[PDB]
Structure formats: structure tokens, C-alpha cells
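Colleague: Give me a model of this one.
(one chain, ligands or ions: 3)
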Amino acid sequence: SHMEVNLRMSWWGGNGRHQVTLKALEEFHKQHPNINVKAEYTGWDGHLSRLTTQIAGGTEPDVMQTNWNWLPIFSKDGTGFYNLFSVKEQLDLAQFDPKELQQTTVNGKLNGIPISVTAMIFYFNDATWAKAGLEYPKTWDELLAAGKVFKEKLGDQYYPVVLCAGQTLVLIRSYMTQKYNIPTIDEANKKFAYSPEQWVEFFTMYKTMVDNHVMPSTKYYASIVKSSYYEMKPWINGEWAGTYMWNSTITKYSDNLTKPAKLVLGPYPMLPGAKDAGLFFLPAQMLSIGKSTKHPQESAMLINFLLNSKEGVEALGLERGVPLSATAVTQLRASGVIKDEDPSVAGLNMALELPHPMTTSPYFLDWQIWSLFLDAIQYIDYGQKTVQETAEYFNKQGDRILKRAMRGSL
Ligand SMILES: [Br-]
Ligand SMILES: [Br-]
Ligand SMILES: [Br-]
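Modeller: Residues are numbered from 1 along each chain as shown. Ligands and ions are numbered 1, 2, ... in the order given. Have a look at this structure:
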């Protein structure tokens, strides 16, 4: 009878994402014949920018694929997207680990549901480590000891792992959490949480790692975020014999190794006595509801359909990663779409099974912070600043960036 509801939904992706999403939408309309969905989809380029102007003028879509770091952009207050807590009758929030939802909560307002989550963990070149005669490290000391075994037994060009600056940042953060159980960012005070001495310690650990031949210094490899190592010869040759990176995108990296060598999942190094592995779990992307939607219930039903319903989940498959949704996981395992023997999947499973009560701030992902960190480690590697001067430099310049980024609500 009469009355129907017209929703708009955006997302970005390649044609492969477009096809399954378009397919999922058709299934949704089948089961909700009075709700139509107009799809607004492009590639990544220009997408944020277009959405930015829509959000500003209150003409954004009812349902949006969003990135985690858009919370600092659109929703410093938590009010930049619709509060998903207000539509829990349409949205089955129990399917998503409460802890993961904390990270997408701002000021007690749920701003998105992680479609999928991924953690930064260790994967190793199995051949190379067999050449070294080493078991993969279960402790930081073992990782450190591995650097010198690689150096003298295999050669100066061999390293246990190769690391982007940003990956190193996350790695040492992980160590610091294990030790002190505080986050890197103090959100409420809008500055870094570590003490001066802890900053000295943070960078002392970097120096200790490089001195111990754990990874190439920045004179040999120097990239902020771009995982460009996988196309380079020492990776392919098995000289850079491992990586610390998102579990979700491991296959591309492993296939570029000289066979029969592949990437296998490593243990996660633990300090003795720790109660938190200090893992970085990233919502790879989220679904959010437009702040200004005239249809929050139907938008909520669409999100619920895409993440939780049988034919929504089936359509969408693994085209946005392993779902966070519990029912989605169980369903995709039964159909054999999720295999526990996939290095990518087993890694997620290990990360989930490890203790990780410390969450991570979206402001931690700021590109200026990550760039600054490459600057900082270069000061150390190139002898231009002592570890202690670098810690004070990073603390100071970091705080300036944070302060500027954490104020200024659009
Ligand atoms: Br894309
Ligand atoms: Br240790
Ligand atoms: Br943090």
C-alpha cells in the first residue's frame, strides 16, 4: 500500500566491490519491497572530497561506507554521524564485539559499525628462518636475538623482518602497551600520554632494534606507510625475511616470494607479566548512517541486512574482508568461504584470542604523526640527533599536531 522509502547509499571500491554490493542491494529490496536503494558509488579518488561537501550541506546519503579516520574529520563530537545506539531495534548490535564498537564510539555515540577488522601482526619467510635455524620469536628478546643470528649466520644483508616507519611505530606502541597499559594518545587531554622518560624509552627500543639487526635502518629502507618492500629484490630473494602488517592483505605479499617459500603466521612477542598484547585493531571500513537522515530506521535495517542477514552476507562475501559480525563469520565458515588455514584468517583468529583490552585512538592514524615518526627515526639513524633529543622532538612536534587536529569541529 502507498508509502515507500527512498534511501541513498554510497561506497567506494573497484568494480568487483560494486558488483557484489549492487547484488546485495537487490536482495535487500526483495525482502523489503517498500524500501528502495539508490546506489552512489565511485573509486577512492574524489570520494572523500565529494562526500565532504555533502556532509557539510546536510545532503549526504542515508547509508555510507566510511573509514575509521573520518571520525576525526566529521565527528570530533560524536554527532557527525547518526547515533547507532538510537536504532538498536533495527540493528542487531550483539553480533559485533562490544570492544570493537568502543573504537567506533565517540562521546558515547556509536558512529559506525566496523564491516571488518584487521590487526597488525608478524608473518615470516619460512625458508629464510629455516636457513637461520630459528624458531619464530615468542618474546621481544628472542626477536632481538634473531637479528644477530641473521647477521652473522646468513649475512649482513639478511634481516628477521623489514619495516615501514609506520609499522615500526605500531610495533613499539604495542611493546609500550604491554609494559605500561596506557594508550599512546590521551584523548581527553588532547596530547600524547607517555611521560618524557617513556618517550626516551620508546626511541631507545627503536635504536636497540636497529643496532641488533632486527630490521634495516632507514638508510636502507625508508617508507612511511607504503608497503613497497614486496616488489623489491631482498623481499623476493628472502633477505628481508618477514613483515609486521595488517593480517588482511597478506596474500599479495606472500605470492611475491621465490617458491617454495611463503609467508607463515608468526607468534606475537610478549613481555613477561603482560596482560595486554597491545594489538592495533583497525576497522578496515565502517557503515555509518547520515546525521541528517529522514529515515534512520530503514537505514539501520539496510546496514543490518548487509552485515548480518543470510543473503546479505552471502552476496557480500569477503569483498571487504572477514566480517566482524559473529553470525556472518559462522555463516561464511559453513559455506567454506572462510578457511581457518588461510594465513590471513588464522592471523585474525590469533589476534582475537590474545588479550587486548587497550583500544587505539583514530587520531593515532594521523598522516602527520606517521611522517613525523619517519623524520624522528631518521634523525637517529643518520646521527643528527641523539635518542633523547629525538624523543623530546617527537613529543613536542607530536603534541603540536595532535592539539591542532583534536580541536576544530567542522
Ligand atoms: Br578503490
Ligand atoms: Br621480552
Ligand atoms: Br592510542
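
Colleague: Could you measure from the residue of the stretch 1-150 of the chain found nearest ligand 3 over to ligand 1?
Modeller: Ligand 3 sits closest to residue 103 of the stretch 1-150 of the chain, with a gap of 10.0 Å, by C-beta to the ion. Where C-beta positions appear, they are placed from N, C-alpha and C, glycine not excepted. Residue 103 sits 23 Å away from ligand 1, going by C-beta to the ion, to the nearest Å.

Colleague: And for residue 281?
Modeller: Using C-beta to the ion, residue 281 is found at 22 Å from ligand 1.

Colleague: What number of residues are in the vicinity of that residue?
Modeller: Neighbours of residue 281 under the rule other C-beta atoms under 10 Å: 21.

Colleague: Quick one: residues contacting it.
Modeller: Residue 281 is in contact with 100, 103, 117-119, 351, 356, 359-360, counting by C-beta atoms under 8 Å, 6 or more residues apart in numbering.

Colleague: In the sheet, which residues pair with it? Tell me.
Modeller: residue 119 (DSSP bridges).

Colleague: Distance from whichever helix in the chain runs longest to the middle of the chain?
Modeller: The residue-count maximum for a helix in the chain (DSSP state H) belongs to helix 387-406. Using C-alpha atoms, centre = their mean, to the nearest Å, the distance from the centre of helix 387-406 to the centre of the chain it belongs to is 23 Å.

Colleague: Now it - C-alpha only, PDB.
Modeller: Extracted C-alpha coordinates of helix 387-406, given in PDB (Å, rounded to 0.1, in the frame of the first residue of the first chain):
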ATOM      1  CA  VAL A 387      67.800   9.200  21.100                       C
ATOM      2  CA  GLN A 388      67.000  11.600  23.900                       C
ATOM      3  CA  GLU A 389      66.900  14.700  21.600                       C
ATOM      4  CA  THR A 390      64.600  12.700  19.300                       C
ATOM      5  CA  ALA A 391      62.200  11.700  22.000                       C
ATOM      6  CA  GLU A 392      61.800  15.300  23.100                       C
ATOM      7  CA  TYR A 393      61.500  16.400  19.400                       C
ATOM      8  CA  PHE A 394      58.800  13.800  18.700                       C
ATOM      9  CA  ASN A 395      56.900  14.600  21.900                       C
ATOM     10  CA  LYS A 396      56.900  18.300  21.200                       C
ATOM     11  CA  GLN A 397      56.100  18.200  17.500                       C
ATOM     12  CA  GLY A 398      53.600  15.300  18.000                       C
ATOM     13  CA  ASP A 399      51.700  17.300  20.600                       C
ATOM     14  CA  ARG A 400      51.500  20.300  18.300                       C
ATOM     15  CA  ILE A 401      49.900  18.200  15.600                       C
ATOM     16  CA  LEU A 402      47.500  16.400  18.000                       C
ATOM     17  CA  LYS A 403      46.400  19.600  19.500                       C
ATOM     18  CA  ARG A 404      45.700  21.200  16.100                       C
ATOM     19  CA  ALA A 405      43.900  18.000  14.900                       C
ATOM     20  CA  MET A 406      41.800  17.400  18.000                       C
END
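
Colleague: Now do that helix: everything it contacts.
Modeller: Contact with helix 387-406 is made by 72, 76, 185, 187, 190-192, 194, 196, 199-200, 202-204, 206-207, 363, 366, 368-369, 372-373, 376-377, 379-380, 385, as judged by C-beta under 8 Å, 6+ apart.

Colleague: For that helix, buried residues please.
Modeller: By neighbour count with 16 or more other C-beta atoms under 10 Å, helix 387-406 contains the buried residues 387, 390-395, 397-398, 401-402, 405-406.

Colleague: same check, this time on stretch 251-263
Modeller: If you call a residue buried by 16+ other C-beta under 10 Å, then stretch 251-263 has these buried ones: 253-254, 257, 261-263.

Colleague: chain center to it, what's the gap?
Modeller: Distance, centroid of stretch 251-263 to centroid of chain: 22 Å (C-alpha atoms, centre = their mean).

Colleague: ditto for stretch 370-378
Modeller: Stretch 370-378 has its C-alpha centroid displaced from the chain centroid by 19 Å (C-alpha atoms, centre = their mean).

Colleague: Please point out which parts of it sit buried.
Modeller: 370, 372-378.
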